[PDB]
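Trainee: Quick one, my_file.pdb (PDB, N, CA and C atoms):
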```
ATOM      1  N   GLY A  60       1.321  72.885 -41.663
ATOM      2  CA  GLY A  60       2.421  71.934 -41.678
ATOM      3  C   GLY A  60       3.340  72.072 -40.482
ATOM      4  N   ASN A  61       3.541  73.302 -40.003
ATOM      5  CA  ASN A  61       4.349  73.508 -38.805
ATOM      6  C   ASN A  61       3.708  72.849 -37.590
ATOM      7  N   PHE A  62       2.379  72.936 -37.478
ATOM      8  CA  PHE A  62       1.683  72.253 -36.392
ATOM      9  C   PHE A  62       1.850  70.743 -36.498
ATOM     10  N   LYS A  63       1.775  70.204 -37.718
ATOM     11  CA  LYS A  63       2.026  68.779 -37.915
ATOM     12  C   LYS A  63       3.460  68.420 -37.548
ATOM     13  N   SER A  64       4.417  69.276 -37.914
ATOM     14  CA  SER A  64       5.803  69.050 -37.519
ATOM     15  C   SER A  64       5.958  69.107 -36.005
ATOM     16  N   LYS A  65       5.260  70.041 -35.354
ATOM     17  CA  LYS A  65       5.278  70.097 -33.896
ATOM     18  C   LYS A  65       4.673  68.837 -33.292
ATOM     19  N   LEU A  66       3.595  68.329 -33.895
ATOM     20  CA  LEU A  66       3.016  67.069 -33.439
ATOM     21  C   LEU A  66       3.994  65.917 -33.629
ATOM     22  N   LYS A  67       4.722  65.912 -34.750
ATOM     23  CA  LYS A  67       5.735  64.885 -34.969
ATOM     24  C   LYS A  67       6.865  64.991 -33.955
ATOM     25  N   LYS A  68       7.168  66.208 -33.493
ATOM     26  CA  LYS A  68       8.177  66.375 -32.452
ATOM     27  C   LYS A  68       7.745  65.700 -31.156
ATOM     28  N   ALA A  69       6.457  65.797 -30.818
ATOM     29  CA  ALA A  69       5.948  65.113 -29.634
ATOM     30  C   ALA A  69       6.082  63.602 -29.772
ATOM     31  N   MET A  70       5.800  63.069 -30.963
ATOM     32  CA  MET A  70       5.995  61.643 -31.200
ATOM     33  C   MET A  70       7.463  61.260 -31.058
ATOM     34  N   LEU A  71       8.364  62.088 -31.593
ATOM     35  CA  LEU A  71       9.790  61.856 -31.392
ATOM     36  C   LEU A  71      10.166  61.996 -29.922
ATOM     37  N   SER A  72       9.597  62.995 -29.240
ATOM     38  CA  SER A  72       9.850  63.155 -27.811
ATOM     39  C   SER A  72       9.321  61.962 -27.023
ATOM     40  N   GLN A  73       8.131  61.473 -27.381
ATOM     41  CA  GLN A  73       7.606  60.271 -26.741
ATOM     42  C   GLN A  73       8.497  59.069 -27.022
ATOM     43  N   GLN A  74       8.984  58.947 -28.260
ATOM     44  CA  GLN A  74       9.941  57.893 -28.579
ATOM     45  C   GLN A  74      11.248  58.095 -27.825
ATOM     46  N   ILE A  75      11.686  59.349 -27.680
ATOM     47  CA  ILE A  75      12.924  59.632 -26.959
ATOM     48  C   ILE A  75      12.803  59.206 -25.502
ATOM     49  N   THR A  76      11.664  59.504 -24.873
ATOM     50  CA  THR A  76      11.451  59.077 -23.494
ATOM     51  C   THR A  76      11.437  57.557 -23.383
ATOM     52  N   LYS A  77      10.763  56.883 -24.318
ATOM     53  CA  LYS A  77      10.748  55.424 -24.312
ATOM     54  C   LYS A  77      12.129  54.854 -24.609
ATOM     55  N   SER A  78      12.847  55.453 -25.562
ATOM     56  CA  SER A  78      14.169  54.948 -25.924
ATOM     57  C   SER A  78      15.157  55.093 -24.773
ATOM     58  N   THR A  79      15.130  56.234 -24.080
ATOM     59  CA  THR A  79      16.057  56.447 -22.974
ATOM     60  C   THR A  79      15.819  55.447 -21.849
ATOM     61  N   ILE A  80      14.552  55.185 -21.523
ATOM     62  CA  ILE A  80      14.241  54.229 -20.465
ATOM     63  C   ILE A  80      14.601  52.813 -20.895
ATOM     64  N   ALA A  81      14.306  52.461 -22.149
ATOM     65  CA  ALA A  81      14.588  51.110 -22.626
ATOM     66  C   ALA A  81      16.084  50.818 -22.623
ATOM     67  N   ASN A  82      16.896  51.766 -23.094
ATOM     68  CA  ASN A  82      18.340  51.556 -23.116
ATOM     69  C   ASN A  82      18.914  51.486 -21.707
ATOM     70  N   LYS A  83      18.440  52.352 -20.808
ATOM     71  CA  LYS A  83      18.954  52.354 -19.442
ATOM     72  C   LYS A  83      18.635  51.047 -18.729
ATOM     73  N   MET A  84      17.436  50.505 -18.950
ATOM     74  CA  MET A  84      17.051  49.261 -18.290
ATOM     75  C   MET A  84      17.938  48.102 -18.727
ATOM     76  N   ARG A  85      18.268  48.034 -20.019
ATOM     77  CA  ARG A  85      19.094  46.937 -20.514
ATOM     78  C   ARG A  85      20.485  46.964 -19.894
ATOM     79  N   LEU A  86      21.092  48.149 -19.796
ATOM     80  CA  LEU A  86      22.428  48.245 -19.218
ATOM     81  C   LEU A  86      22.412  48.008 -17.714
ATOM     82  N   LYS A  87      21.285  48.279 -17.052
ATOM     83  CA  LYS A  87      21.187  48.004 -15.622
ATOM     84  C   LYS A  87      21.321  46.513 -15.343
ATOM     85  N   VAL A  88      20.714  45.677 -16.187
ATOM     86  CA  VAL A  88      20.871  44.233 -16.041
ATOM     87  C   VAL A  88      22.318  43.827 -16.287
ATOM     88  N   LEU A  89      22.942  44.383 -17.329
ATOM     89  CA  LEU A  89      24.336  44.063 -17.617
ATOM     90  C   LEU A  89      25.259  44.548 -16.508
ATOM     91  N   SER A  90      24.985  45.732 -15.954
ATOM     92  CA  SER A  90      25.796  46.235 -14.849
ATOM     93  C   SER A  90      25.682  45.329 -13.630
ATOM     94  N   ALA A  91      24.477  44.830 -13.349
ATOM     95  CA  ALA A  91      24.310  43.875 -12.258
ATOM     96  C   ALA A  91      25.037  42.571 -12.555
ATOM     97  N   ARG A  92      25.071  42.166 -13.826
ATOM     98  CA  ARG A  92      25.794  40.955 -14.200
ATOM     99  C   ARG A  92      27.288  41.104 -13.942
ATOM    100  N   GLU A  93      27.863  42.249 -14.321
ATOM    101  CA  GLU A  93      29.278  42.486 -14.057
ATOM    102  C   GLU A  93      29.546  42.632 -12.565
ATOM    103  N   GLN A  94      28.645  43.301 -11.841
ATOM    104  CA  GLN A  94      28.810  43.435 -10.398
ATOM    105  C   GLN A  94      28.760  42.075  -9.713
ATOM    106  N   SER A  95      27.840  41.208 -10.142
ATOM    107  CA  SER A  95      27.810  39.847  -9.620
ATOM    108  C   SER A  95      29.080  39.091  -9.991
ATOM    109  N   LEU A  96      29.554  39.268 -11.226
ATOM    110  CA  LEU A  96      30.800  38.629 -11.640
ATOM    111  C   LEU A  96      31.986  39.169 -10.853
ATOM    112  N   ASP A  97      32.016  40.484 -10.615
ATOM    113  CA  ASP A  97      33.104  41.068  -9.838
ATOM    114  C   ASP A  97      33.142  40.505  -8.424
ATOM    115  N   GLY A  98      31.987  40.114  -7.885
ATOM    116  CA  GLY A  98      31.975  39.451  -6.593
ATOM    117  C   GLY A  98      32.634  38.086  -6.635
ATOM    118  N   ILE A  99      32.407  37.335  -7.715
ATOM    119  CA  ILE A  99      33.021  36.016  -7.852
ATOM    120  C   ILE A  99      34.537  36.139  -7.887
ATOM    121  N   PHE A 100      35.054  37.091  -8.666
ATOM    122  CA  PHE A 100      36.495  37.311  -8.699
ATOM    123  C   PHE A 100      37.006  37.864  -7.377
ATOM    124  N   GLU A 101      36.203  38.684  -6.696
ATOM    125  CA  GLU A 101      36.593  39.167  -5.376
ATOM    126  C   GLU A 101      36.718  38.013  -4.389
ATOM    127  N   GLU A 102      35.807  37.042  -4.470
ATOM    128  CA  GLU A 102      35.919  35.855  -3.631
ATOM    129  C   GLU A 102      37.136  35.020  -4.003
ATOM    130  N   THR A 103      37.521  35.021  -5.283
ATOM    131  CA  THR A 103      38.698  34.268  -5.703
ATOM    132  C   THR A 103      39.981  34.903  -5.183
ATOM    133  N   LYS A 104      39.968  36.216  -4.941
ATOM    134  CA  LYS A 104      41.138  36.877  -4.373
ATOM    135  C   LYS A 104      41.487  36.302  -3.006
ATOM    136  N   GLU A 105      40.479  36.101  -2.153
ATOM    137  CA  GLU A 105      40.728  35.554  -0.824
ATOM    138  C   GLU A 105      41.231  34.117  -0.896
ATOM    139  N   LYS A 106      40.642  33.302  -1.777
ATOM    140  CA  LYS A 106      41.073  31.912  -1.895
ATOM    141  C   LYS A 106      42.507  31.820  -2.399
ATOM    142  N   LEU A 107      42.882  32.685  -3.343
ATOM    143  CA  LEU A 107      44.261  32.700  -3.824
ATOM    144  C   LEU A 107      45.230  33.080  -2.712
ATOM    145  N   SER A 108      44.854  34.047  -1.874
ATOM    146  CA  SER A 108      45.685  34.377  -0.722
ATOM    147  C   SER A 108      45.646  33.277   0.329
ATOM    148  N   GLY A 109      44.525  32.562   0.435
ATOM    149  CA  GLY A 109      44.441  31.471   1.394
ATOM    150  C   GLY A 109      45.363  30.317   1.052
ATOM    151  N   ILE A 110      45.502  30.013  -0.241
ATOM    152  CA  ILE A 110      46.394  28.935  -0.662
ATOM    153  C   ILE A 110      47.835  29.267  -0.301
ATOM    154  N   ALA A 111      48.212  30.542  -0.413
ATOM    155  CA  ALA A 111      49.571  30.945  -0.066
ATOM    156  C   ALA A 111      49.846  30.755   1.420
ATOM    157  N   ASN A 112      48.863  31.059   2.270
ATOM    158  CA  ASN A 112      49.068  30.991   3.712
ATOM    159  C   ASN A 112      49.263  29.565   4.215
ATOM    160  N   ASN A 113      48.892  28.557   3.422
ATOM    161  CA  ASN A 113      49.057  27.174   3.861
ATOM    162  C   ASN A 113      50.528  26.824   4.052
ATOM    163  N   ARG A 114      51.384  27.257   3.124
ATOM    164  CA  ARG A 114      52.831  27.062   3.193
ATOM    165  C   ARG A 114      53.227  25.589   3.159
ATOM    166  N   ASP A 115      52.258  24.695   2.962
ATOM    167  CA  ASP A 115      52.526  23.267   2.852
ATOM    168  C   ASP A 115      52.206  22.739   1.459
ATOM    169  N   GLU A 116      50.963  22.903   1.003
ATOM    170  CA  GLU A 116      50.627  22.606  -0.383
ATOM    171  C   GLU A 116      51.015  23.740  -1.318
ATOM    172  N   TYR A 117      51.348  24.908  -0.767
ATOM    173  CA  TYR A 117      51.785  26.038  -1.572
ATOM    174  C   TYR A 117      53.233  25.898  -2.023
TER
ATOM    175  N   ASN B   5      -5.891 126.055 -70.298
ATOM    176  CA  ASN B   5      -7.132 126.797 -70.108
ATOM    177  C   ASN B   5      -7.733 126.515 -68.735
ATOM    178  N   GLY B   6      -8.693 127.350 -68.331
ATOM    179  CA  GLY B   6      -9.343 127.146 -67.047
ATOM    180  C   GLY B   6     -10.118 125.845 -66.981
ATOM    181  N   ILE B   7     -10.829 125.507 -68.061
ATOM    182  CA  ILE B   7     -11.557 124.242 -68.106
ATOM    183  C   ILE B   7     -10.587 123.068 -68.075
ATOM    184  N   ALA B   8      -9.486 123.169 -68.825
ATOM    185  CA  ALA B   8      -8.477 122.115 -68.806
ATOM    186  C   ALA B   8      -7.846 121.982 -67.426
ATOM    187  N   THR B   9      -7.607 123.109 -66.752
ATOM    188  CA  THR B   9      -7.075 123.061 -65.393
ATOM    189  C   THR B   9      -8.051 122.375 -64.445
ATOM    190  N   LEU B  10      -9.347 122.662 -64.591
ATOM    191  CA  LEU B  10     -10.353 121.968 -63.792
ATOM    192  C   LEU B  10     -10.368 120.478 -64.107
ATOM    193  N   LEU B  11     -10.213 120.122 -65.385
ATOM    194  CA  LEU B  11     -10.103 118.716 -65.755
ATOM    195  C   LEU B  11      -8.859 118.084 -65.144
ATOM    196  N   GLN B  12      -7.745 118.818 -65.133
ATOM    197  CA  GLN B  12      -6.539 118.327 -64.476
ATOM    198  C   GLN B  12      -6.768 118.144 -62.980
ATOM    199  N   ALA B  13      -7.518 119.058 -62.361
ATOM    200  CA  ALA B  13      -7.871 118.898 -60.955
ATOM    201  C   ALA B  13      -8.711 117.645 -60.740
ATOM    202  N   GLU B  14      -9.653 117.379 -61.649
ATOM    203  CA  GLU B  14     -10.406 116.131 -61.587
ATOM    204  C   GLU B  14      -9.487 114.930 -61.773
ATOM    205  N   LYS B  15      -8.535 115.030 -62.704
ATOM    206  CA  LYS B  15      -7.524 113.985 -62.843
ATOM    207  C   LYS B  15      -6.663 113.889 -61.591
ATOM    208  N   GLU B  16      -6.305 115.036 -61.007
ATOM    209  CA  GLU B  16      -5.573 115.028 -59.744
ATOM    210  C   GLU B  16      -6.405 114.401 -58.635
ATOM    211  N   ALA B  17      -7.706 114.703 -58.602
ATOM    212  CA  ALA B  17      -8.594 114.037 -57.654
ATOM    213  C   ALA B  17      -8.656 112.541 -57.926
ATOM    214  N   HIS B  18      -8.706 112.154 -59.203
ATOM    215  CA  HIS B  18      -8.623 110.739 -59.551
ATOM    216  C   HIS B  18      -7.270 110.161 -59.162
ATOM    217  N   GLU B  19      -6.197 110.930 -59.358
ATOM    218  CA  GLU B  19      -4.882 110.501 -58.893
ATOM    219  C   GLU B  19      -4.862 110.364 -57.376
ATOM    220  N   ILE B  20      -5.499 111.302 -56.671
ATOM    221  CA  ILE B  20      -5.674 111.157 -55.229
ATOM    222  C   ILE B  20      -6.532 109.937 -54.923
ATOM    223  N   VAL B  21      -7.589 109.726 -55.712
ATOM    224  CA  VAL B  21      -8.398 108.519 -55.567
ATOM    225  C   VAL B  21      -7.572 107.286 -55.905
ATOM    226  N   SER B  22      -6.701 107.394 -56.911
ATOM    227  CA  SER B  22      -5.774 106.306 -57.204
ATOM    228  C   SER B  22      -4.832 106.065 -56.032
ATOM    229  N   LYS B  23      -4.343 107.141 -55.413
ATOM    230  CA  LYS B  23      -3.590 106.999 -54.171
ATOM    231  C   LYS B  23      -4.476 106.455 -53.058
ATOM    232  N   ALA B  24      -5.735 106.904 -53.004
ATOM    233  CA  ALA B  24      -6.674 106.361 -52.028
ATOM    234  C   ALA B  24      -6.990 104.899 -52.308
ATOM    235  N   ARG B  25      -6.888 104.472 -53.569
ATOM    236  CA  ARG B  25      -7.055 103.057 -53.884
ATOM    237  C   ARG B  25      -5.974 102.220 -53.213
ATOM    238  N   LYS B  26      -4.732 102.710 -53.220
ATOM    239  CA  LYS B  26      -3.683 102.066 -52.438
ATOM    240  C   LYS B  26      -3.999 102.134 -50.951
ATOM    241  N   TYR B  27      -4.533 103.269 -50.492
ATOM    242  CA  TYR B  27      -5.002 103.365 -49.114
ATOM    243  C   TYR B  27      -6.171 102.417 -48.871
ATOM    244  N   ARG B  28      -7.059 102.277 -49.859
ATOM    245  CA  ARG B  28      -8.118 101.278 -49.762
ATOM    246  C   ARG B  28      -7.534  99.874 -49.696
ATOM    247  N   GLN B  29      -6.502  99.605 -50.500
ATOM    248  CA  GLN B  29      -5.770  98.349 -50.363
ATOM    249  C   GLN B  29      -5.074  98.272 -49.011
ATOM    250  N   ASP B  30      -4.515  99.393 -48.549
ATOM    251  CA  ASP B  30      -3.957  99.441 -47.201
ATOM    252  C   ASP B  30      -5.043  99.228 -46.154
ATOM    253  N   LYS B  31      -6.227  99.803 -46.376
ATOM    254  CA  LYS B  31      -7.362  99.512 -45.507
ATOM    255  C   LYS B  31      -7.744  98.040 -45.588
ATOM    256  N   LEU B  32      -7.727  97.471 -46.797
ATOM    257  CA  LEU B  32      -7.949  96.040 -46.952
ATOM    258  C   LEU B  32      -6.779  95.219 -46.428
ATOM    259  N   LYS B  33      -5.589  95.818 -46.323
ATOM    260  CA  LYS B  33      -4.453  95.110 -45.742
ATOM    261  C   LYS B  33      -4.668  94.835 -44.259
ATOM    262  N   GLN B  34      -5.473  95.661 -43.586
ATOM    263  CA  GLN B  34      -5.835  95.372 -42.202
ATOM    264  C   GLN B  34      -6.619  94.070 -42.108
ATOM    265  N   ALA B  35      -7.540  93.845 -43.049
ATOM    266  CA  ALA B  35      -8.222  92.557 -43.120
ATOM    267  C   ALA B  35      -7.262  91.440 -43.504
ATOM    268  N   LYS B  36      -6.251  91.749 -44.321
ATOM    269  CA  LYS B  36      -5.236  90.754 -44.653
ATOM    270  C   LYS B  36      -4.467  90.319 -43.413
ATOM    271  N   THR B  37      -4.135  91.270 -42.536
ATOM    272  CA  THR B  37      -3.509  90.917 -41.267
ATOM    273  C   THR B  37      -4.442  90.064 -40.418
ATOM    274  N   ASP B  38      -5.732  90.409 -40.396
ATOM    275  CA  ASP B  38      -6.710  89.565 -39.717
ATOM    276  C   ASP B  38      -6.821  88.205 -40.395
ATOM    277  N   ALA B  39      -6.801  88.184 -41.730
ATOM    278  CA  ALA B  39      -6.797  86.914 -42.449
ATOM    279  C   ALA B  39      -5.533  86.119 -42.149
ATOM    280  N   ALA B  40      -4.384  86.796 -42.090
ATOM    281  CA  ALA B  40      -3.151  86.125 -41.693
ATOM    282  C   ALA B  40      -3.234  85.642 -40.250
ATOM    283  N   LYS B  41      -3.827  86.451 -39.369
ATOM    284  CA  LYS B  41      -4.045  86.015 -37.993
ATOM    285  C   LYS B  41      -4.996  84.827 -37.940
ATOM    286  N   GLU B  42      -6.031  84.834 -38.785
ATOM    287  CA  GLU B  42      -6.939  83.694 -38.857
ATOM    288  C   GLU B  42      -6.209  82.443 -39.332
ATOM    289  N   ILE B  43      -5.275  82.602 -40.272
ATOM    290  CA  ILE B  43      -4.456  81.474 -40.706
ATOM    291  C   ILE B  43      -3.619  80.953 -39.545
ATOM    292  N   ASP B  44      -3.012  81.862 -38.777
ATOM    293  CA  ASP B  44      -2.283  81.453 -37.582
ATOM    294  C   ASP B  44      -3.219  80.893 -36.519
ATOM    295  N   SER B  45      -4.436  81.436 -36.419
ATOM    296  CA  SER B  45      -5.407  80.911 -35.463
ATOM    297  C   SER B  45      -5.779  79.471 -35.790
ATOM    298  N   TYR B  46      -5.953  79.161 -37.078
ATOM    299  CA  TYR B  46      -6.212  77.782 -37.477
ATOM    300  C   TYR B  46      -5.033  76.882 -37.129
ATOM    301  N   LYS B  47      -3.809  77.367 -37.351
ATOM    302  CA  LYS B  47      -2.629  76.619 -36.933
ATOM    303  C   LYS B  47      -2.565  76.498 -35.416
ATOM    304  N   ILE B  48      -2.946  77.559 -34.700
ATOM    305  CA  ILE B  48      -2.965  77.509 -33.241
ATOM    306  C   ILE B  48      -3.961  76.463 -32.757
ATOM    307  N   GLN B  49      -5.139  76.409 -33.384
ATOM    308  CA  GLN B  49      -6.109  75.373 -33.044
ATOM    309  C   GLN B  49      -5.559  73.986 -33.352
ATOM    310  N   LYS B  50      -4.893  73.835 -34.499
ATOM    311  CA  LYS B  50      -4.240  72.568 -34.812
ATOM    312  C   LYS B  50      -3.114  72.273 -33.829
ATOM    313  N   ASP B  51      -2.337  73.298 -33.467
ATOM    314  CA  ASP B  51      -1.286  73.114 -32.471
ATOM    315  C   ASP B  51      -1.873  72.763 -31.110
ATOM    316  N   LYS B  52      -2.998  73.390 -30.749
ATOM    317  CA  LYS B  52      -3.653  73.067 -29.487
ATOM    318  C   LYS B  52      -4.125  71.619 -29.467
ATOM    319  N   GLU B  53      -4.676  71.140 -30.585
ATOM    320  CA  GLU B  53      -5.050  69.733 -30.679
ATOM    321  C   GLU B  53      -3.825  68.834 -30.571
ATOM    322  N   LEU B  54      -2.725  69.221 -31.223
ATOM    323  CA  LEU B  54      -1.479  68.478 -31.077
ATOM    324  C   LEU B  54      -0.955  68.562 -29.648
ATOM    325  N   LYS B  55      -1.061  69.740 -29.028
ATOM    326  CA  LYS B  55      -0.630  69.892 -27.642
ATOM    327  C   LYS B  55      -1.465  69.026 -26.707
ATOM    328  N   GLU B  56      -2.777  68.955 -26.946
ATOM    329  CA  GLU B  56      -3.634  68.108 -26.124
ATOM    330  C   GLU B  56      -3.241  66.641 -26.249
ATOM    331  N   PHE B  57      -2.964  66.185 -27.473
ATOM    332  CA  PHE B  57      -2.468  64.826 -27.658
ATOM    333  C   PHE B  57      -1.095  64.650 -27.021
TER
END
```
Show me the file's structure as structure tokens.
Mentor:
Amino acid sequence: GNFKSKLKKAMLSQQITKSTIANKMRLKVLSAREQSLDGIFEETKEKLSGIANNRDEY
Amino acid sequence: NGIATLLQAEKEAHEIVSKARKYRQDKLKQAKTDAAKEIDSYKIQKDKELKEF
């Protein structure tokens, strides 16, 4: 039974390796989504400062 | 009596043989350790198969 339990540990270890990679991959896409979004807001920072520099429509 | 003392010596020899029976069990306990090792060897073979997988 201990050998069977050791074999079950390998299955859990194999699941652990698969689970760690699967979770990391999902957050990598989300991190890229936020990084892409942070670029959009970063571009909005310049436009907001650009509107101020006009001093006519501002 | 002398005959009774000799009988007691035979009983003492049987008592020594009774002690030797425990030694015989102790001698058989060496095979028990081998049997226990064989039990672990079977688990080791099962573990080796699990390790291979």
Trainee: Please measure the separation of atom C of residue 69 of chain A and atom N of residue 89 of chain A, giving the value in Å to one decimal.
Mentor: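 Spanning atom C of residue 69 of chain A to atom N of residue 89 of chain A is a straight-line distance of 28.4 Å.
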Trainee: Specify as a list in words each residue included when the ChimeraX specification (/B@CA @<10) & /A@CA is applied to this file.
Mentor: residues 60, 61, 62, 63, 64, 65, 66, 67, 68, 69 and 70 of chain A
Trainee: Could you turn the residues from that selection into a file that holds N, CA and C atoms, as a PDB file, keeping the file's coordinate frame?
Mentor:
```pdb
ATOM      1  N   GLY A  60       1.321  72.885 -41.663  1.00  0.00           N
ATOM      2  CA  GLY A  60       2.421  71.934 -41.678  1.00  0.00           C
ATOM      3  C   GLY A  60       3.340  72.072 -40.482  1.00  0.00           C
ATOM      4  N   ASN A  61       3.541  73.302 -40.003  1.00  0.00           N
ATOM      5  CA  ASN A  61       4.349  73.508 -38.805  1.00  0.00           C
ATOM      6  C   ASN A  61       3.708  72.849 -37.590  1.00  0.00           C
ATOM      7  N   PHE A  62       2.379  72.936 -37.478  1.00  0.00           N
ATOM      8  CA  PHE A  62       1.683  72.253 -36.392  1.00  0.00           C
ATOM      9  C   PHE A  62       1.850  70.743 -36.498  1.00  0.00           C
ATOM     10  N   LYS A  63       1.775  70.204 -37.718  1.00  0.00           N
ATOM     11  CA  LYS A  63       2.026  68.779 -37.915  1.00  0.00           C
ATOM     12  C   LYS A  63       3.460  68.420 -37.548  1.00  0.00           C
ATOM     13  N   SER A  64       4.417  69.276 -37.914  1.00  0.00           N
ATOM     14  CA  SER A  64       5.803  69.050 -37.519  1.00  0.00           C
ATOM     15  C   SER A  64       5.958  69.107 -36.005  1.00  0.00           C
ATOM     16  N   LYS A  65       5.260  70.041 -35.354  1.00  0.00           N
ATOM     17  CA  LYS A  65       5.278  70.097 -33.896  1.00  0.00           C
ATOM     18  C   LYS A  65       4.673  68.837 -33.292  1.00  0.00           C
ATOM     19  N   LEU A  66       3.595  68.329 -33.895  1.00  0.00           N
ATOM     20  CA  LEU A  66       3.016  67.069 -33.439  1.00  0.00           C
ATOM     21  C   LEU A  66       3.994  65.917 -33.629  1.00  0.00           C
ATOM     22  N   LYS A  67       4.722  65.912 -34.750  1.00  0.00           N
ATOM     23  CA  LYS A  67       5.735  64.885 -34.969  1.00  0.00           C
ATOM     24  C   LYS A  67       6.865  64.991 -33.955  1.00  0.00           C
ATOM     25  N   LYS A  68       7.168  66.208 -33.493  1.00  0.00           N
ATOM     26  CA  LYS A  68       8.177  66.375 -32.452  1.00  0.00           C
ATOM     27  C   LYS A  68       7.745  65.700 -31.156  1.00  0.00           C
ATOM     28  N   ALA A  69       6.457  65.797 -30.818  1.00  0.00           N
ATOM     29  CA  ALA A  69       5.948  65.113 -29.634  1.00  0.00           C
ATOM     30  C   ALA A  69       6.082  63.602 -29.772  1.00  0.00           C
ATOM     31  N   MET A  70       5.800  63.069 -30.963  1.00  0.00           N
ATOM     32  CA  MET A  70       5.995  61.643 -31.200  1.00  0.00           C
ATOM     33  C   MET A  70       7.463  61.260 -31.058  1.00  0.00           C
TER      34      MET A  70
END
```
Trainee: Work out how far atom N of residue 24 of chain B is from atom C of residue 5 of chain B, in Å to one decimal.
Mentor: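 Computing it gives 25.2 Å between the two atoms.
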Trainee: Do you have the atom CA of residue 17 of chain B-atom CA of residue 37 of chain B distance handy?
Mentor: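 So the two atoms, atom CA of residue 17 of chain B and atom CA of residue 37 of chain B, lie 28.8 Å apart.
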